[PDB]
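Below is one structure, written out as structure tokens; the observations come after it.
Cβ coordinates were reconstructed from backbone atoms using ideal geometry, including for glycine residues, and neighbour counts include every protein chain displayed. All of this is worked out from the model, or read from it or from the source named; no laboratory instrument gave them.
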Amino acid sequence: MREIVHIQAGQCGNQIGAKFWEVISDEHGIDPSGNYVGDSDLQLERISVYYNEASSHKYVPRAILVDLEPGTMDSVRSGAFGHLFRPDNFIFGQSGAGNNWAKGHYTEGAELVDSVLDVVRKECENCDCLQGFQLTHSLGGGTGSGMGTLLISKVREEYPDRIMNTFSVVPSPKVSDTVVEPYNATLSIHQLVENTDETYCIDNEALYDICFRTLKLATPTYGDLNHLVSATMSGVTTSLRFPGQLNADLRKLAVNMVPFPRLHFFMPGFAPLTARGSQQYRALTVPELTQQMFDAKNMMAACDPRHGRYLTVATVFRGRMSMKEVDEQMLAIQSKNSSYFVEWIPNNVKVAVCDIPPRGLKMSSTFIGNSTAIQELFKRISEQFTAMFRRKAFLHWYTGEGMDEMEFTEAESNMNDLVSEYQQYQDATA
Amino acid sequence: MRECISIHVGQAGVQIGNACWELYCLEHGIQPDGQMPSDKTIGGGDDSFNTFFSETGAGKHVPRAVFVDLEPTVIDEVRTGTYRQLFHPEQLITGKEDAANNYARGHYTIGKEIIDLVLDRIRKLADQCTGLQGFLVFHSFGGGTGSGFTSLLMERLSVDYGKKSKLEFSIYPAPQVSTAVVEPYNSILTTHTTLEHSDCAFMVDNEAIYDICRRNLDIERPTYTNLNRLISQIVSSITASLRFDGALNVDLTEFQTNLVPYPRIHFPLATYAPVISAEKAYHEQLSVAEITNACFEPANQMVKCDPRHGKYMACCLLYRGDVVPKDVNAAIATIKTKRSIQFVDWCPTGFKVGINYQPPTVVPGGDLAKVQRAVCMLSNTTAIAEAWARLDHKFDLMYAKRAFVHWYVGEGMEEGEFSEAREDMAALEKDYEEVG
Ligand SMILES: COc1ccc(C[C@@H]2NC(=O)/C=C\C[C@@H]([C@H](C)[C@H]3O[C@@H]3c3ccccc3)OC(=O)[C@H](CC(C)C)OC(=O)C(C)(C)CNC2=O)cc1Cl
Ligand SMILES: Nc1nc2c(ncn2[C@@H]2O[C@H](COP(=O)(O)OP(=O)(O)OP(=O)(O)O)[C@@H](O)[C@H]2O)c(=O)[nH]1
Ligand SMILES: Nc1nc2c(ncn2[C@@H]2O[C@H](COP(=O)(O)OP(=O)(O)O)[C@@H](O)[C@H]2O)c(=O)[nH]1
């Protein structure tokens with residue numbers, strides 16, 4: 001395919017995406033020194049998707065990391081595989097990016113959008129053709145939500161043709177020090193719905209819930225959850241990274257997946273839930289993967305899909321596997337759950353098969369759905385926002401920073417209309 | 001003395017063409033180094049194999065066909081496959097980005113910026129021809145490249161050459177190997193804009209080919225080399241009429257005349273019988289009466305539809321080896337048992353037969369083995385309306401709540417096109433249903 005440009009925002013983005021780069025780089029078998037270790041061509045069939053050659057025809061990841069809190073550069077260059085990146089895009093701010101919008105959205109950051117467009121165009125010059133973008137960020141704080149929406153709009157202006165994809169992390173009361181989050185989340189998704197092509201709801205509420213109620217870890221840190229999300233988003237990327245029969249692409253994924261012109265929020269899931277292990281593992285086999293793919297406590301959104309409907313479905317299986325067996329159980333799952341799925345698009349539950357095992361697990365898969373259950377998450381966020389908003393709170397910060405009340409009101413109008421749209425498409429008929 | 005040009009569009013088309021051209025080499029004894037000892041190596045030809053190979057003074061027998069792909073992923077494979085030296089210095093067509101399951105992207109946006117090169121290539125090839133009958137295009141109803149670009153190509157060709165006919169080979173994509181979900185919109189949007197510039201089109205259903213390979217070939221994992229080989233065998237069998245030598249059904253015009261009554265009804269259905277399993281050395285012997293008895297079984301047709309409910313127009317046939325027309329007459333008498341047969345009152349009936357005195361060729365190291373007799377009934381049934389009804393159900397479902405519509409509207413198509421094409425296909429299925 002054509003090349004992909006990766007964009008990384010804020011502390012959360014930098015950490016999550018650095019771990020993701022590590023995960024796939026191990027998967028594609030590339031050394032920290034850029035040395036080559038892979039033992040087959042099937043590893044480098046789609047290495048050009050992300051990695052670019054060096055002067056020594058040494059493959060280098062192509063990504064950009066953005067933030068304003070200048071303490072992140074050393075965090076980048078102190079990870080295990082951190083020094084992997086080109087010493088040209090470690091461009092950051094110098095005076096902090098306190099979690100206030102219109103500071104990174106209007107006040108500043110808008111002064112460095114020239115810098116970020118300069119760097120992204122500079123490294124897409126070496127890109128023979130452009131496929132799309134990978135913005136990783138979270139919905140809280142300026143560097144993060146505000147910069148992410150600003151970047152999305154800017155590149156949408158400059159590149160109206162290609163695709164625009166992003167990963168969303170929604171901060172939650174369960175693990176959050178600050179409290180100015182719901183304002184950030186709603187102000188973000190308002191830009192996000194109307195300005196991107198597809199987005200992944202990598203939630204924290206469901207993440208914490210499952211990690212504490214089954215994985216039962218004492219202190220969910222930026223280490224554990226970083227590992228979980230890096231693994232899952234690697235699993236999502238595999239389908240493009242691998243050659244598959246369901247030989248899907250970003251534009252193809254949009255066309256196949258995107259049901260409406262404003263409902264492009266996915267629910268990345270993973271069947272074999274995995275903590276920080278040492279040995280190979282305790283063994284898992286096919287029917288276990290079948291069951292745990294679509295359980296109630298394995299996704300990344302605190303919702304039970306049996307209370308809703310799927311617009312579409314998608315999966316990407318891993319490891320040496322019986323394709324006929326897989327098709328048999330999938331046919332049964334689409335047979336024994338007739339009401340579970342929408343009647344608007346038959347032949348929606350698509351399936352693919354991959355070969356390279358995950359670097360640590362034998363037989364796994366990667367669930368990338370598109371449900372009508374996401375209304376629960378959006379309703380949650382909007383309700384907490386308006387609870388913080390019915391009486392003013394810190395809102396003087398925003399108003400004195402540049403917004404007005406009308407922008408907040410219209411953001412809520414847009415979100416509640418979106419929830420109405422999801423409700424409507426969730427209660428269709430024949 | 002009557003040239004012929006074929007053309008391949010899309011991944012399915014190029015793969016089928018790859019699977020067919022080497023069968024075509026095998027049939028005449030043509031080999032990537034072959035020379036066919038009865039020639040002068042300088043245009044030594046004008047026989048029925050001249051229609052495809054325009055052999056040069058180097059005794060090469062270069063073909064008349066080009067391959068189309070919006071992004072090089074299969075056309076490269078034929079460019080570096082097995083018969084590499086068999087094609088000109090970059091006569092093929094390579095793009096840079098596929099339509100990605102979007103009929104509109106190939107019909108309005110992308111192809112409308114690459115089509116002129118394709119037409120220039122087609123015209124440049126045709127100039128070396130002298131007596132061209134028409135084109136034989138290979139496409140599928142599944143993707144947006146092999147469908148939108150095909151319909152656009154139909155329009156361009158009918159603009160530049162309306163006198164000449166152009167037979168078609170199509171695929172009615174199946175859920176089993178469904179590499180998208182937006183196939184039905186492409187299928188309706190291609191059948192609607194195909195009629196006015198189509199003359200006779202064959203659909204081979206990957207549902208049917210998949211069923212045949214999984215059942216009667218002892219293969220459980222039908223890659224794009226198994227179904228592809230089987231379809232190549234069927235296509236070679238059907239076009240053998242014009243291909244090898246002279247008999248029934250010489251020309252594409254003759255295809256129309258003895259097949260299509262009504263220009264809105266020009267999708268002939270092809271049946272087959274010899275489905276040799278594998279390298280299985282010994283099962284039993286075979287009889288011509290047996291294969292012609294089998295060519296009526298609904299399980300053995302290239303498209304799933306049970307014809308015991310409807311009437312036939314003109315049930316042609318072909319045969320390989322072991323001529324015995326009296327046995328054929330006995331076969332007609334037997335099948336006259338009227339348990340599952342019909343014809344139409346207005347026009348009398350003809351079971352035209354043409355014999356090829358060469359035993360059928362087989363893939364050397366494939367999932368088949370050589371046999372001695374073959375037969376293929378092209379029954380222009382009225383039952384072919386089953387496929388259109390089945391696809392109409394799905395198109396209607398998806399258009400109920402306007403799913404995916406933006407992905408077509410926002411690229412140069414209007415909203416009314418969907419509705420008018422649906423109405424037009426309704427008229428078409430009415431036109432089939434009324435005959436009787
Ligand atoms: C009702 O009174 C209350 C008071 C406090 C609390 C919890 C209290 N509150 C907050 O400030 C949370 C969001 C308000 C934002 C506001 C809305 C953004 O514009 C800010 C801004 C930033 C920089 C410059 C100018 C403006 O401020 C902050 O995030 C700052 C970060 C900066 C100052 C380092 O502080 C923190 O992040 C803390 C103090 C470490 C986070 N923690 C808390 O325990 C709860 C209640 Cl109910
Ligand atoms: N060769 C081949 N193709 C098949 C088979 N079954 C289905 N297909 C179709 O192969 C098509 C892939 O080629 P296109 O339709 O041109 O795909 P596209 O996205 O328009 O463009 P490309 O992928 O670049 O070709 C899909 O539409 C499938 O439906 C099969 O058995 N063989
Ligand atoms: N660093 C980090 N933060 C996370 C993660 N998951 C959720 N978060 C939340 O994301 C928010 C951090 O926002 P941040 O990008 O730091 O805003 P900034 O201060 O403008 O850079 C906090 O609410 C975190 O709780 C994670 O894996 N890593």
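Report those helices (runs of 4 or more DSSP H) wholly inside the stretch B:204-261 carrying at least 2 residues which are in the same structural domain as B:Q133 (by CATH), over 16 Å from the mean Cα position of the chain (by Cα) and farther than 15 Å from B:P360 by Cα.
B:206-216, B:252-259
So which pairs qualify, if the first residue must be in the stretch A:318-342 and within 14 Å of another protein chain (Cβ to nearest Cβ) and without any contact (Cβ under 8 Å) to a residue 60 or more places away in the chain, the second must be part of a helix (DSSP H, G or I) and among the polar types (S, T, N, Q), the Cβ gap must be under 7 Å, and the two must be at least 6 apart or on different chains?
From the stretch A:318-342, the pairs are A:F341/A:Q334.
For the stretch A:117-165, give me each residue that is polar (S, T, N, Q) and either within 16 Å of ligand 1 (Cβ to nearest atom) or touching a strand residue (DSSP E or B) at 6+ places or on another chain (Cβ under 7 Å) (or both).
A:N126, A:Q131, A:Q134, A:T136, A:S138, A:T143, A:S145, A:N165
Of the conditions (1) out of contact with any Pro (no Cβ under 7 Å at 6 or more places or on another chain); (2) surrounded by 19 or more Cβ atoms within 10 Å (Cβ to Cβ); (3) more than 14 Å from chain B (Cβ to nearest Cβ), A:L289 clears all except one; give me its number.
Unmet condition: (1).
Give the number of residues within the stretch B:88-111 that are out of contact with any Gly (no Cβ under 9 Å at 6 or more places or on another chain) and either within 14 Å of chain A (Cβ to nearest Cβ) or under 30 Å from A:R251 (Cβ atoms) (or both).
8
Going residue by residue through the stretch B:105-118, is there one that turns out to be closer than 30 Å to B:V250 by Cβ, in the same structural domain as B:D199 (by CATH) and either away from ligand 2 (no atom under 16 Å from the Cβ) or touching a residue at least 12 places away in the same chain (Cβ under 8 Å) (or both)? Before you say what the answer is, go through the steps one by one.
Of all residues in the stretch B:105-118, those closer than 30 Å to B:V250 by Cβ come to B:118.
If we keep only those that are in the same structural domain as B:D199 (by CATH) as well, we get B:118.
So of that shortlist, the ones also either away from ligand 2 (no atom under 16 Å from the Cβ) or touching a residue at least 12 places away in the same chain (Cβ under 8 Å) (or both) come out as B:118.
Yes, the stretch B:105-118 has at least one match.
Looking at the stretch B:156-166, is at least one residue within 14 Å of chain A (Cβ to nearest Cβ), surrounded by 17 or more Cβ atoms within 10 Å (Cβ to Cβ) and more than 16 Å from ligand 3 (Cβ to nearest atom)?
If we filter the stretch B:156-166 for residues that are within 14 Å of chain A (Cβ to nearest Cβ), which is where we start, we get none.
No, the stretch B:156-166 has no match at all.
Can you spot a residue in the stretch B:399-411 that is surrounded by fewer than 13 Cβ atoms within 10 Å (Cβ to Cβ) and either within 14 Å of another protein chain (Cβ to nearest Cβ) or out of contact with any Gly (no Cβ under 7 Å at 6 or more places or on another chain) (or both)?
Yes, the stretch B:399-411 has at least one match.
Can you confirm whether A:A231 is part of a loop (DSSP other than H, G, I, E, B) and either more than 14 Å from chain B (Cβ to nearest Cβ) or of a type in the set (G, A, S) (or both)?
Here the answer is no, as A:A231 does not meet what is asked.
Take the residues in the stretch A:255-271 that are outside any loop (DSSP other than H, G, I, E, B) and more than 8 Å from chain B (Cβ to nearest Cβ), then tell me which one is surrounded by the most Cβ atoms within 10 Å (Cβ to Cβ).
Of everything passing the filter in the stretch A:255-271, A:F266 is surrounded by the most Cβ atoms within 10 Å (Cβ to Cβ).
I'd like the full set of residues that are within 16 Å of ligand 1 (Cβ to nearest atom) and either within 14 Å of chain B (Cβ to nearest Cβ) or small (G, A, S) (or both), limited to the stretch A:79-116.
So in the stretch A:79-116, the residues within 16 Å of ligand 1 (Cβ to nearest atom) come out as A:93-109.
Once the filter is applied, which keeps residues that are within 16 Å of ligand 1 (Cβ to nearest atom) and either within 14 Å of chain B (Cβ to nearest Cβ) or small (G, A, S) (or both), the stretch A:79-116 yields A:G93, A:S95, A:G96, A:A97, A:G98, A:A102, A:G104, A:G109.
I'd like the residue in the stretch B:171-203 that is within 14 Å of chain A (Cβ to nearest Cβ) and assigned to a loop (DSSP other than H, G, I, E, B) and, out of all such residues, is nearest to ligand 3 (Cβ to nearest atom).
Only one residue fits best here, namely B:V181.
Within the stretch B:366-389, which residues are assigned to a helix (DSSP H, G or I) and exposed (fewer than 14 other Cβ atoms within 10 Å of the Cβ)? Can you show your working first?
Narrowing the stretch B:366-389 to residues assigned to a helix (DSSP H, G or I): B:385-389.
Residue satisfying the conditions is B:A389 alone.
Look at B:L217 and say whether it is surrounded by 19 or more Cβ atoms within 10 Å (Cβ to Cβ), farther than 19 Å from B:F267 by Cα and free of Cβ contacts under 8 Å to residues at least 60 places away in the same chain. Walk me through it before giving the result.
Numbers: surrounded by 19 or more Cβ atoms within 10 Å (Cβ to Cβ): yes; farther than 19 Å from B:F267 by Cα: yes; free of Cβ contacts under 8 Å to residues at least 60 places away in the same chain: no.
No; evaluated as a whole, the condition is false for this residue.
Condition first: over 30 Å from A:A393 (Cα atoms), more than 14 Å from chain B (Cβ to nearest Cβ), surrounded by fewer than 24 Cβ atoms within 10 Å (Cβ to Cβ) and away from ligand 3 (no atom under 11 Å from the Cβ). Can you find one or more residues in the stretch A:172-194 that meet it?
No, the stretch A:172-194 contains no residue that is over 30 Å from A:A393 (Cα atoms), more than 14 Å from chain B (Cβ to nearest Cβ), surrounded by fewer than 24 Cβ atoms within 10 Å (Cβ to Cβ) and away from ligand 3 (no atom under 11 Å from the Cβ).
Among B:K311, B:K304, which is the only one that is under 25 Å from B:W388 (Cβ atoms), touching a residue at least 40 places away in the same chain (Cβ under 8 Å) and out of contact with any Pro (no Cβ under 9 Å at 6 or more places or on another chain)? Steps first, answer last, please.
Values: B:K304 fails: out of contact with any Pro (no Cβ under 9 Å at 6 or more places or on another chain).
From the options B:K311, B:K304, the qualifying one is B:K311.
Does the stretch B:314-340 hold any residues that are assigned to a loop (DSSP other than H, G, I, E, B), in contact (Cβ under 8 Å) with a residue 40 or more places away in the chain and more than 20 Å from the chain's Cα centre (by Cα), and which are they?
Selection gives B:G321, B:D322, B:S340.
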